[PDB]
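As a convention, Cβ positions derive from the backbone with ideal geometry for all residues, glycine included, and neighbour counts pool all protein chains shown. Each reported figure results from applying straightforward, stated rules to the coordinates on display, with no laboratory input.
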Amino acid sequence: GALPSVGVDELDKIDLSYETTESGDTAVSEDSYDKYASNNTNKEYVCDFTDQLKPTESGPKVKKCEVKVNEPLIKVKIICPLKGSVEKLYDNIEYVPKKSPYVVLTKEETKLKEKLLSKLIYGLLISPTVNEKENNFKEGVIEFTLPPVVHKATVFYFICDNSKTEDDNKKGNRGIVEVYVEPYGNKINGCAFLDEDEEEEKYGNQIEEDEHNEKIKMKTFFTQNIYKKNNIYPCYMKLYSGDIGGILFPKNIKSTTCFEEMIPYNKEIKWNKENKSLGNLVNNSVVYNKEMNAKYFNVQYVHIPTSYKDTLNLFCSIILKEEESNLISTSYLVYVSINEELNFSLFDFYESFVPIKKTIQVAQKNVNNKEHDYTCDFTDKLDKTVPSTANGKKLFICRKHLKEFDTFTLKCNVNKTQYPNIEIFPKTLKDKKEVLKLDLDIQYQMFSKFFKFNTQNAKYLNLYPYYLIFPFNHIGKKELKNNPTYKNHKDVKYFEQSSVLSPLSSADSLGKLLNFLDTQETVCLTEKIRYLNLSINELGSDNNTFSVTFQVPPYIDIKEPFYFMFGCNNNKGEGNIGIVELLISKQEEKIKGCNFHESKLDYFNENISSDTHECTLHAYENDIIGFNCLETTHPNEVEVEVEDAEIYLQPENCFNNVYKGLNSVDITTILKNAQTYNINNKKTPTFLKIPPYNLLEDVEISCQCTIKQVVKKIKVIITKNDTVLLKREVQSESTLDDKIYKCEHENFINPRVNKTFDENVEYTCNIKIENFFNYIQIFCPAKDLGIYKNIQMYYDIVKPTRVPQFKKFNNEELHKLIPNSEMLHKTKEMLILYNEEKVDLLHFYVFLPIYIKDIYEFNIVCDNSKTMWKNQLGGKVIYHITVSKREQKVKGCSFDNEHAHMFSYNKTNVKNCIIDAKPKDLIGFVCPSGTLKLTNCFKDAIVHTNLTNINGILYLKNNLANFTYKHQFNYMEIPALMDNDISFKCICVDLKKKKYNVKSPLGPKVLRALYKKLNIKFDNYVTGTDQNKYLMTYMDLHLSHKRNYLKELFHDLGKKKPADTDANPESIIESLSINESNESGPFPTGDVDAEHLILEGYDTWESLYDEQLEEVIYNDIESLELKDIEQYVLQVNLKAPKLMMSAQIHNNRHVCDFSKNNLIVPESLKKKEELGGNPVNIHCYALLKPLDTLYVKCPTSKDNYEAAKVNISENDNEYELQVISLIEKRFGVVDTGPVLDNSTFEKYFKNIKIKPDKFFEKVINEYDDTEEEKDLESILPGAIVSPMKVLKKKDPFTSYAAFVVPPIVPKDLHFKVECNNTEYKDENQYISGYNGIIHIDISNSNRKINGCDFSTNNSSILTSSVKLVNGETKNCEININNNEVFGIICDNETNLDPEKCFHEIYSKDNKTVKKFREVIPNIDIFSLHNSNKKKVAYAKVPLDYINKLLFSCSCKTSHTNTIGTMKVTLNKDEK
């Protein structure tokens, strides 16, 4: 509802029945109206009617005065002749209104009607101290003031009707003043005191934005809205050269010291505390409504002129009338900064440690030139000044923030006849084009504890203007001296407290400043930014000045905001030092550009190689058109010249000259404020910044580029204001990276430049979850003062229930919507000494339960379209999530009715559950909300007295245990790899004394309390080495249980009341110390790694734990005994089926031999038939190394067993029998029973099969419960493999299969194989055949070794590799000495020569081939020729042979003539 302002009087009373037409009673057509504009002189509009409205014509005439306002802060003055000054001429004049100027005339679709100006125009100021008379007309002046920001184009009429008088049938002239206000300006930089109360965040589109309700528009009038009982935050104003600020004061103010008795905050000179108005501090500053006399709304506007080009800071105290109700502060402070553009300056950073005499300046915004031309003039600020007064030898610091299409120009006076010696800093500015880049890391470190800021937000510290100019530096020192990270810096010495025993001389201060600026790193201009338009002019018009002029491109290729400095040092001549500290912002928007070139930049919206010849671009207001016609793969501006010759751009310059139809016209005619960027030493890419325009027709602009006789056309249709602009949906799809969902949105929440095209766009990412164990990463920050001031995180339920009302979304709503759903955060745990953890607070992770009963579909809204940051509008992201009905449960228990639907097995409210876990099962662990997590299950469990990490025992890599140890619900996948039978207990603690809210994790303090409480050894524990790339930790949403530093800092400031007349705001705010407690983690100095101190990306040090919750936990522990502590225990016991380790005959050589009658033959159970026999998976655990081989013997499958019974008469060779001597006799589970015979072999091994049928030529991944058979060569090439082949012909029973662990293993391997019989069954049915499953677990390595990989020209395993080509001989000599290992890899076409290499080798002659054992009897060769491949081999030379040896092997195509030769040497100059 709308409630009018102060209303009814005898001069403001409105009526709704008065109805008069625009023509009135004169009956004159509007077409024949004699109109002209109001006299506009020096900001003042006057309609002078003293000589116009005179009865001179027989008939009436209409003279209209048009007052058209587009410039803020005007004084509307209307002068029509006095009532009855002369008789018979001014006798019967009438006025509409006679109650003007408070009430005006509005057009109700046909009629002029009386209505108050305050309702359509908010911020009006009419002084009742000049219009107290009943009729303002006896003075003959109608005057009023209009606010500087209006959002409604309103028209009103004033009428001095002189036609009702009659002097001998002569009619007078009726004067009409037409006041028409259009929207100019968006928001005043300032504050408004709202008498209303704060209103809760209206989620979604339920916001009702009415302009009839004055309350709603008032909230949009200033940048700060001060509620008396909620807003503690001091008022702030920022004014630039030519800006307009103000304050809307309340009605309960008693007195104020702002704009008339301001306290100057001066750091350049010593403290002044006197009261000083804007008039004495600033010339030509204009203040409106000073006495606070206006009746409707008491707002004071201050217009700061362009004459002031110095930085000023002022403080104000607004004391409110002491009222009965409680308000946060009866006196509020106001900080007004005038003409400063860069906040958190490094000079303010320096002054808190070393005093600095300086004059900070803004670049001169040129009015006689283009708006985006700015200059800093050190010609008149580089004088020779010896320090004798506090003005001698000052620092002129010129600060200016450049944006899109903005250019800067510096001028120094460098002549030697006025200055004896002057230097330009740095020295490398001229020749190599480098600058002294100012990095913002030090301000990050000093202001890390003053806010909650990460690595990305701290670089935007130069973007936040509200309260970063306070003397916080004087406090930050204490924090900088408190920060254990800043101490280890090389740049500490300049921020150590200066000498006070002897007063520091300014010369030492300036020298220290020069060294502090010198130690910083230099960066090249041409490399940090791409396509810069820069000119270094050492010569002027009289050769007495130096200049540097650089134009900021439209899109900046800086990786991060380019914050640097330069200037001219003249202190070497005992004078001034001129310095410019400048910052270029990174434009975060895609350029609407036609890029036709085949090679294209990565930020052009139209990516056309040769697809389209004509590019249709509809350009809008504030749009950025790009036109590229050249190579983008050239970051230089020297070699791009060769392609400017092959490009023909029409017109010769674009978009300077542009095609309308087919004619070439200067672009400035259609767009007066257009900005064209033409790159130096280039023709294209050219750029057009479409300024604010005013068109009624789609204007077609056109250019064309001819590349290699191909003409491509850009036809940009700059639209009008009334073109159809519909909601544009940008759909992106979920991308599944490492079982976590990611969407490609990086700066679509970050505020970007406002545009009409920037409002009807919505970025929605569709995320479908149809599987288990996948984290849905949602990225939108927590609420903090800056580019994220009013971000909102709410959710709507589409399916199953359709509730279009937007509700709050937090950890609780997500926990309740989906059973046991978890909001988790990605952290990499710190050591116990630190107790902080690197959490990613901008990104959280939705984790869905293993079991899903209802299909859910929702939309998460991260809203930053309400945060307007310097006329830049942020984006909004919609995540359309669909969570499918997934039927998967965990084995275990639930200790209440909360997780019972998660477990197929449940013992509700039963403390200790015992579970037999079998190979590849999937166990879940979860305890009720409020019970204390004792275990890091399933990373760490309890063995019966001790804390033990069950991972290293069970080969538990590649398991959910490793990442699920800090959730509410933890998961674990049983492997087939076991070194023992292990019974552990996953125990959560129920302290019956007190339940908790354990959303935040439990600290090592209380976990040690429970270990010593529950007899759990934290001294005999093998540490679980951090194998996790991450941890999704279960914690509160955005640490809402933890403290908030911004609000608490400003809360202490507001209750410290720095806004009293006698109060000095500095000495009060310096007394503030940031609220900090044990809810935190210290930083130990010494390390195991440096990383526990530094942060990069999106990680920040925060305590996961709640020290209050922790102390309550420790209390309830120490006060109770063991009887009063419930233990929700899952006792998981794992039975490894007959653990066999592979018989390691050599360091390189393991063996899994199974030619036995107790192994696959089902063991003799109890004499009775038990049941359908269950496969006893015979467990061979083979632990090998890079360059290890495993041989595996099993009984021979019936078919090949017979085939070997055939060739029993036939013998092996020296090779195979040799290997035999090396293996069979060289092979717990060993036989004692009957000797193998053909009968029992055929019986028990009738049905023995071997999967994979080719062993190690295909394999079975052991953590793959699908037993997904894979070509290991496809996963790990570089192995030597013999499939399952019969050991001996004479013995039909035993076969073997071998494989080699390659030396470079890019990763851990964990697979398994099976000489599986379960098909043979005991005829008494004890057990089916036993399955011999060998579980192979190989470790990784990446050390390239001597060896020739003729399969590639870059081996990732060997050092040398020159891939062979048929018809080409490729020699690869490698130089080996005693005790060095080598290899060789031939491709499929070239087979080994010899095919017994390495065992046989060409002689030194390369004529004869010899068994290498002969020459060297201790060589360790790794190769098998009982294989399907004869192209890959490896070996090691022994430790005690040094006589000069030479040999070679070759990869020879059996078909064509191809030779890839490895030449192997030994030692060097020897026998």
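For the stretch 839-967, what ratio Rg/Rh do Cα atoms give with a Kirkwood hydrodynamic radius? Intermediate values should be presented prior to the final figure.
On the way: Rg = 19.9 Å, Rh = 18.1 Å.
We get a ratio of 1.10 for the stretch 839-967.
For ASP738 and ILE1220, compute 0.36 nm times the residue count separating them, minus their Cα-Cα distance, and round to one decimal in nm. Before the final figure, lay out the partial values.
On the way: separation 482, 0.36 × 482 = 173.52 nm, distance 4.57 nm.
Computed gain between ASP738 and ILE1220 is 169.0 nm.
Choose one of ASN1147, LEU1171, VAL1305: the residue whose Cα lies farthest towards the positive end of the charge dipole of the stretch 1139-1338 (beta-carbon charges +1 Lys, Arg; -1 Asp, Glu; about the Cα centre).
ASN1147
With unit charges on the beta carbons (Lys and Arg positive, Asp and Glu negative) and the dipole taken about the Cα centre of the chain, which residue among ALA917, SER17, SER329 sits farthest to the positive side?
It is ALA917.
Which peptide among 211-222, 1423-1434 comes first, and what is the full order, when sorted by highest mean count of other Cβ atoms within 10 Å? If you can, show how the numbers build up before the last one.
Working: 211-222: 17.5, 1423-1434: 21.3.
Result, highest mean Cβ count within 10 Å first: 1423-1434, 211-222.
Give the value in nm², to one decimal: projected area of the alpha carbon convex hull of the stretch 602-735, averaged over all directions. Numbers along the way, then the final one.
Working: hull surface 40.5 nm².
With the hull built on Cα positions only, its mean projection is 10.1 nm².
Post the alpha-carbon centroid distance, the stretch 113-141 to the stretch 544-622, in whole angstrom.
The stretch 113-141 and the stretch 544-622 have Cα centres separated by 51 Å.
As a test, work out the antiparallel percent of DSSP beta bridges whose residues both lie in the chain, rounded to the nearest 5. Can you show the working numbers first?
Details: 217 of 331 bridges.
Taking every DSSP beta bridge with both residues in the chain, the antiparallel ones total about 65 percent.
For the chain, what value does the Rg/Rh ratio take when both radii are computed over Cα atoms and Rh is the Kirkwood radius, given to two decimals?
Numbers: Rg = 42.5 Å, Rh = 39.9 Å.
Rg divided by Rh gives 1.07.
Tell me which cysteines of the chain come out unpaired when the rule is another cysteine's Cβ under 4.7 Å.
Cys with no partner Cβ under 4.7 Å: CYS524.
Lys and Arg at +1, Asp and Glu at -1: add these up for the other residues within a Cβ distance under 12 Å of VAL1281 and post the number.
Details: positive: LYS1254, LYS1258, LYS1285, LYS1429, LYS1430, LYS1431; negative: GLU1257, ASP1271, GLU1273.
Taking every other residue near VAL1281 into account, the sum is +3.
Taking the Cα centre as origin and putting +1 on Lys and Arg beta-carbons and -1 on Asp and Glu beta-carbons, what dipole magnitude results for the chain, to the nearest 20 debye?
Numbers: 188 positive and 210 negative charges, 587 e Å.
With only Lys, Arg, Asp and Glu charged at Cβ, the dipole is about 2820 debye.
Going through the cross-link list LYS911/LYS966; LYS187/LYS290; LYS1258/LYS1285; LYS1254/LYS1429; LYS35/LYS187; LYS229/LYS449, which pairs have a Cα-Cα distance over 24 Å in this structure?
Values: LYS911/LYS966 21 Å; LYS187/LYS290 21 Å; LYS1258/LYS1285 15 Å; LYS1254/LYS1429 12 Å; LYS35/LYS187 33 Å; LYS229/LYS449 27 Å.
Result: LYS35/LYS187; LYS229/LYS449 exceed 24 Å.
From the phi angles alone, apply the Karplus equation (6.51, -1.76, 1.60; θ = phi - 60°) to the stretch 1015-1028 and give each ³J(HN,Hα) in whole Hz, x where the residue is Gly or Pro.
6, 10, 6, 9, 10, 9, 8, 7, 6, x, 5, 5, 9, 8
For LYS309 paired with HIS944, estimate the spin-label separation in nm (one decimal), with each label point 7 Å from Cα along the Cα-to-Cβ line.
Rounded to a tenth, the inter-label distance reads 8.7 nm.
Suppose we keep just the alpha-carbon trace of the stretch 20-181; what are its Rg and Dmax in angstrom?
15.5, 49
Rank-order 286-296, 843-853 by packing density, defined as the average count of other C-beta atoms within 10 Å over each peptide's residues, highest first. Write out the running numbers ahead of the final one.
Working: 286-296: 15.7, 843-853: 20.6.
Result, highest mean Cβ count within 10 Å first: 843-853, 286-296.
Give the distance, in whole Å, between the Cα centre of the stretch 1-56 and the Cα centre of the stretch 774-812.
52
Hey, how many Å between the Cα centroid of the stretch 725-759 and the Cα centroid of the stretch 1364-1443?
Using only Cα atoms to place each centre, the spacing works out to 58 Å.
In percent, what relative contact order does the stretch 6-140 have, based on Cα pairs under 8 Å that are 6 or more apart in sequence?
Working: 151 pairs, mean separation 38.5, N = 135.
Result for the stretch 6-140 is 29 percent.
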